[PDB]
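Participant: Sequence isn't available, so here's the structure alone:
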RNA sequence: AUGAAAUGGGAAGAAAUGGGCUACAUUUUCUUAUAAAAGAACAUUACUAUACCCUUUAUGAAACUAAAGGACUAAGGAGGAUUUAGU
Ligand SMILES: [K+]
Ligand SMILES: [Mg+2]
Ligand SMILES: [Mg+2]
Ligand SMILES: [Mg+2]
Ligand SMILES: [Mg+2]
Ligand SMILES: [Mg+2]
């Protein structure tokens, strides 16, 4: 890295800086005073104070990008969100007043609740004990649990789709199916959890 | 291990001059260039001919002053003038140096068709930068 | 004495190409066009072929002037990579230094 | 399209070319013309337009009647006096004659309009395609020119001011244009020297970006339909952000709001 | 003569293996722009050869070389054990 270890990650929260001084906890108040005598990293090209920037969706975009084609990957995510909004508007208009209440037309809220439905609480680590490969039930961190949900989505759509279907049409159809706990990405989570019960007694081999 | 132009370590009894002590990576950092011409500057011609002339001029001075050279010679080209600056030990009588200067200048001026001058600074003995 | 017999043959190739440069230019000009009758061009195609083979300028090889090495030469100094490094690593090339960056 | 609605409601005869770039590129069937062997016929391109022209002007297709005899084939011809609908019907029935039925329609309407029977709105969107370059190749793998094409040649007459009884409404579009820069919008840049001279004297009508009143009206329309579903979109900081990113451009605002 | 010079040759696999290039496509194919956007293409020859072959051009004395077109199509449907690189 070209940043020395003494550099601090930038804080790009607009409201945080403009809060009244008394509203800030003394711990936060102390850090701000310390940061005045430190070096701050430059903000990333994609780090902005925009009110429409969601870290979860921005991360999902980077996991789809191939060869640094951010314009294409962002376009694919923009087309997906729109394909989900247009799919719920059609259902909402073609539904009764009672049914209309339940229907969710926010694509950003369908994406977050979809991913969370696919996240697995426990995973598996492959281990070779006595020249035999065993996978031991592991408890997954918040970072490993989130990564696996996004990875499983980007892999079901990339591979298990018809040749002429497009990613905005497969991903939209999968975010909505996961949003209802019916999709194949949810089935992957159910299989992972079910296998952990099979290897329930083999967690002892853990050394880490 | 890199071997180029590196005088290696022994037991602290080997005298080395400043020029010998410094390895190639110190060129332009601690020690300069023995030859100074304009043939390696950008957009300049006749580098090969200046480099070939230098190789010969160094072998000529070594043989013409056998055992009388304290250090490598310095070649300075200005216009068509050539200037040879050599540190020479005080071994030979004074009149012998006057003979070799007149001879080496005339011979090298009629060989390369340029005015060549010899500049000799006499040292009592080789100057030792460090014992390695 | 030149470095080796290979450098000697090259020197002769370079001195015979200089003698036949004008001749091979004038004859070859008659062939590199579409304005002259093809009969003349076919005849000029044989006059150039009849000239001695060492007059042909593609038979010259650039060799290190000091070691006669056929490959590894740098055309600006006419020296092999091994000979160039010996002069450069000793401060004997005017303005050549190691590249650190 | 706003002008085409005004004339359509006043009982004008609508001759609306939706996109004129589609006739100078990506043609998979390119025949030759019997009328003039130099020219070429685009069967599929003409057939699609006729089916739409029929729908828009279905009412006026029975009143207007041909003033001449047209021999489609040795066995098929149109007798003088028959309704103009018959010319359109044959073009759809026999795709080979589709590129010629269009020419008859354009010729008939242009001639009969001056008689006071009907008004004629020649609405050509993307008119800069007519006097530009094409990306169509002949059997020799040599690029064709717009004049050679049959549909392009007929239309160039309709956009001329040598008739009366109607009005011509033209639009420029760099989108879909061939061999033009991305940042070219001015009339001479897109039309060229040939296209400009063809249409002058014309009345240029600049279509600018949304003004402050128009931007707020469009923003409220999206909010009125629940399109802007993001929680922060309705806020003053959301609106100000969308004004910056879109820059008040109608298309950019529609695209940004689509994802939100 | 184990020295010097001239002329003509220094072949062949397709067999194993190392590295690389390209493709197997839809986050793709072609066209204009320029990587924005649009119009077409999208499985039997669609994706897809920098092979063979056929023309033209460049260098040269010599094309056996390279490039650019043209046809012609083959195989390829994301690669077992295993393994390389990247903070
Ligand atoms: K091989
Ligand atoms: Mg020897
Ligand atoms: Mg050569
Ligand atoms: Mg693009
Ligand atoms: Mg093909
Ligand atoms: Mg030739």
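Facilitator: Perfect, I can see it now. Residues are numbered from 1 along each chain as shown, chains lettered A, B, ... in the order given. Ligands and ions are numbered 1, 2, ... in the order given.

Participant: contacts, neighbours, all on C-alpha from now
Facilitator: Fine.

Participant: which parts of the stretch 51-200 of chain D sit against RNA strand E?
Facilitator: D:135, D:175-183 (CA under 7 Å from any atom of the strand).

Participant: now, among those, which is nearest to residue D:259?
Facilitator: residue D:175 (22.1 Å; CA to CA).

Participant: what's around the closest one, how many residues?
Facilitator: Residues contacting residue D:175 under the criterion other CA atoms under 10 Å in any protein chain shown number 13.

Participant: tell me, how many neighbours does the single nearest residue of chain B relative to chain D end up with?
Facilitator: Chain D sits closest to residue B:43 of chain B, with a gap of 39.6 Å, by CA to the nearest CA. Residue B:43 has 7 neighbours, counted by other CA under 10 Å.

Participant: any idea how far RNA strand E is from it?
Facilitator: According to CA to the nearest atom of the strand, to the nearest Å, residue B:43 stands 25 Å off from RNA strand E.

Participant: Distance check, that residue against residue C:82.
Facilitator: Going from residue B:43 to residue C:82 by CA to CA, to the nearest Å gives 25 Å.

Participant: roughly how far apart are the residue of chain B closest to chain D and residue B:33?
Facilitator: Distance from residue B:43 to residue B:33, by CA to CA: 20 Å.

Participant: cool, residue A:57 as well?
Facilitator: Distance from residue A:57 to residue B:33, by CA to CA: 60 Å.

Participant: How about residue D:25?
Facilitator: 67 Å.

Participant: In chain D, spot the helix with the most residues.
Facilitator: Counting residues, the longest helix in chain D under DSSP state H turns out to be helix D:98-113.

Participant: For the following helix or strand past that one, name the packing helices and strands.
Facilitator: Using DSSP states H and E, the helix or strand that follows helix D:98-113 towards the C-terminus is strand D:120-125. Contact partners of strand D:120-125 among helices and strands, from 3 or more CA pairs under 8 Å, 6 or more residues apart in numbering or on different chains; DSSP states H and E: helix D:2-9, strand D:13-17, strand D:166-171.

Participant: Dihedrals phi and psi, residue B:119?
Facilitator: phi -120, psi 120 (degrees, to the nearest 10).

Participant: Which members of the residues of the stretch 51-200 of chain D next to RNA strand E are classed as buried?
Facilitator: D:177-178, D:180 (16 or more other CA atoms under 10 Å in any protein chain shown).

Participant: Not counting sequence-adjacent ones, nearest residue to residue D:79?
Facilitator: Once flanking residues are discounted, residue D:79 sits nearest to residue D:69: 5.0 Å by CA to CA, 6 or more residues apart in numbering or on different chains.

Participant: ok, the one you found to chain A distance?
Facilitator: 49 Å (CA to the nearest CA, to the nearest Å).

Participant: do residue B:129 as well
Facilitator: 39 Å.

Participant: which residues touch the closest residue to chain A within the stretch 151-260 of chain D?
Facilitator: Distances between the stretch 151-260 of chain D and chain A by CA to the nearest CA are smallest at residue D:259, namely 4.9 Å. By CA atoms under 8 Å, 6 or more residues apart in numbering or on different chains, residue D:259 lies in contact with A:78-79, A:81-82.

Participant: Of all the residues in stretch D:241-258, which ones are buried?
Facilitator: D:241-243, D:246, D:248-249, D:253, D:257-258.

Participant: Take those and keep only those in helices.
Facilitator: Those of those lying in helices (DSSP H): D:241-243, D:246, D:253, D:257-258.

Participant: show me what contacts residue 66?
Facilitator: Reading this off chain A. residue A:73.

Participant: meant chain D actually
Facilitator: With CA under 8 Å, 6+ apart, residue D:66 has these contacts: D:80-84, D:108.

Participant: So which of the residues you listed are in helices?
Facilitator: D:84, D:108.

Participant: out of the contacts of residue D:66, which are buried?
Facilitator: D:82-84, D:108.

Participant: CSV for these, including distance to residue C:41?
Facilitator: Shown next, in CSV, are the buried ones among the contacts of residue D:66 (distance: CA to CA, whole Å):
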residue, distance to residue C:41
D:82, 73
D:83, 74
D:84, 70
D:108, 66
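
Participant: Figure out the helix or strand that the closest residue to chain B within the stretch 151-260 of chain D lives in.
Facilitator: Here the stretch 151-260 of chain D gets closest to chain B at one residue, residue D:181, 39.6 Å apart by CA to the nearest CA. When elements are defined using DSSP H and E, residue D:181 is found to belong to no helix and no strand.

Participant: and the residue lying closest to residue B:118 once chain neighbours are set aside, what are its bridge partners?
Facilitator: Spatial nearest neighbour of residue B:118, excluding adjacent residues (CA to CA, 6+ apart): residue B:84 at 4.9 Å. For residue B:84, the beta-bridge partners are residue B:75, residue B:118 (DSSP bridges).

Participant: Tell me where the chain has strands.
Facilitator: By default, I'm working from chain A. Secondary structure of chain A (DSSP state E): strands located at A:7-8, A:39-40, A:122-128, A:133-139.

Participant: nope, chain C
Facilitator: According to DSSP E, the strands that chain C contains are C:73-74, C:79-80.

Participant: Just give the strands next to the last one in its sheet, each with its orientation.
Facilitator: So the one you mean is strand C:79-80. strand C:73-74 (antiparallel).

Participant: The residue in the stretch 151-260 of chain D positioned nearest to chain C in helix, strand or coil?
Facilitator: Nearest residue of the stretch 151-260 of chain D to chain C, counting by CA to the nearest CA: residue D:179, 36.4 Å away. Recorded secondary structure, residue D:179: coil (DSSP: H, G, I helix; E, B strand; the rest coil).

Participant: That one against residue D:133, yeah?
Facilitator: Yes - counting by CA atoms under 8 Å, residue D:179 touches residue D:133, with 7.4 Å between them.

Participant: Go through the strands of chain A and pick out the most buried.
Facilitator: Of the strands of chain A, the one with the most neighbours on average (mean count of other CA atoms under 10 Å in any protein chain shown) is strand A:133-139, at a mean of 17.

Participant: Show me what that one is packed against.
Facilitator: Against strand A:133-139 (3+ CA pairs under 8 Å, 6+ apart) you get strand A:122-128.

Participant: ok, 10 Å please
Facilitator: strand A:122-128, helix A:184-198 (3 or more CA pairs under 10 Å, 6 or more residues apart in numbering or on different chains; DSSP states H and E).

Participant: returning to what we had before: specify which member of the buried ones among the contacts of residue D:66 is nearest to residue D:228.
Facilitator: Nearest member of the buried ones among the contacts of residue D:66 to residue D:228, counting by CA to CA, is residue D:84, at 48.1 Å.
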